[PDB]
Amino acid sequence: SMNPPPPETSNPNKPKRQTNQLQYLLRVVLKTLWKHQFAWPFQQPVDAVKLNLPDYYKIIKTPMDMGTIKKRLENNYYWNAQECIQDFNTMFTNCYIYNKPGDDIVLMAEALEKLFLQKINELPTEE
């Protein structure tokens, strides 16, 4: 089977704004998680064809990855910071859903999620 179209990262019909939480999410949270040693499998959509994962898109109906989240931030696609947090949460739970406790990729995601949760606890108050 082919891969599905990647998640939308730009929509010309949506309104745009700048918020201090959205600015922090791109310039602090994502820039820290991206440089992490376990970030690389989450820096682009799951390429089920290249990775030979035929049942991936039969199980994962809501795919998400950091490449898409970053593109969404740079495009001002998110209005709220909650939408960006939901997407990171979707990325992690998708990994725990498809894979099993103890698999190497699940250990990688757990460590990335731990840094993410810590960086989100330091999120500034809305101005």
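Don't overthink the numbering: it's just position in the shown sequence, from 1. Note that the rigid core is defined as the largest set of C-alphas that superpose within 1.5 Å between two forms.
Relative to this form, superposed by the core, which stretch has the greater CA RMS in 8 other deposited structures of this protein: 110 to 118 or 6 to 14?
Comparing 110 to 118 with 6 to 14, the larger C-alpha deviation in 8 other deposited structures of this protein belongs to 6 to 14.
If you take the mean CA temperature factor per stretch, which one wins between 50 to 58 and 68 to 76?
On average, C-alpha B-factors are higher across 50 to 58.
For the higher mean C-alpha B factor in the entry, choose 99 to 107 or 10 to 18.
It is 10 to 18.
According to the PDB entry, is the CA B factor of residue 33 in the bottom, middle or top third of its chain, that is, lowest, middle or highest?
According to the entry, residue 33 has a C-alpha B-factor in the chain's middle third.
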